[PDB]
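Shown here is one chain on its own, the form deposited without 3,4-bis(azanyl)benzohydrazide (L99), set out as structure tokens.
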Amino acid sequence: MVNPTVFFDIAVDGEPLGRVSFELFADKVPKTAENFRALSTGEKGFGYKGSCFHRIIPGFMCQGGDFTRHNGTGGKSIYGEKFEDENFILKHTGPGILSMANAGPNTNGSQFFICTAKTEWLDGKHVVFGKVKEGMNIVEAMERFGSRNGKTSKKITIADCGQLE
């Protein structure tokens, strides 16, 4: 089994920006990778297409995945509202890391963040499960629409997403 790859096509106020692609570490965190993969294809009937990156903080991270409340208070996994922390084998080593948002132990849903800096104080508390493969330049472009309090100055949306061969 090769680790799956997913893409997001990013838009800024509805205008196309570019594609970010991710490797999902199914070899290390299969359950968590699977969740993100299936939310990216929409195959369960729900997922990331059309949702936004609601919180973006330059020099920190871009957060999204909340496709039920659009603001950081919602989202759901493919396993139920929330699922356990699978493991913490992988660390927040630098820009490009893909990690699950949470509000406490064992509260993973659909929300995730893309690191734009090393965030090592999250090791052992947020489950890392993939990394940007292509389009880190697109993530950098995204990040310029954030702000210190994480409110975005333009709407950053996942116009399309899915799995690459």
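Residue numbers run from 1 along the displayed sequence.
Per the PDB record, of the two stretches 105-113 and 26-34, 26-34 carries the greater mean B-factor over its C-alpha atoms. In this PDB entry, the Cα temperature factor of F46 sits in the top third of its chain's modelled residues, the highest group. In the deposited entry, the Cα temperature factor of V20 places it in the lowest third of its chain's modelled residues.
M136: CA B factor lies in the highest third for its chain, per the PDB record. When the modelled residues of the chain are ordered by C-alpha B-factor, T93 sits in the highest third. When the modelled residues of the chain are ordered by C-alpha B-factor, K118 sits in the middle third.
One more form of this protein should be noted, the form deposited with 3,4-bis(azanyl)benzohydrazide (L99) bound, which is absent from this view; the next part is about it.
When contacts are judged by a 4.5 Å heavy atom cut-off, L98 does not count as touching 3,4-bis(azanyl)benzohydrazide (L99) in the deposited bound form. Shown alone here, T93 lies farther than 4.5 Å from 3,4-bis(azanyl)benzohydrazide (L99) in the deposited bound form, counting heavy atoms only. When 3,4-bis(azanyl)benzohydrazide (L99) is considered in the deposited bound form, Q111 lines it closely, a heavy atom lying within 4.5 Å. Contact between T73 and 3,4-bis(azanyl)benzohydrazide (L99) in the deposited bound form is found at the 4.5 Å heavy atom cutoff.
In sequence order, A101, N102, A103 are the residues of 84-104 having a heavy atom within 4.5 Å of 3,4-bis(azanyl)benzohydrazide (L99) in the deposited bound form; the partner itself is omitted from this view.
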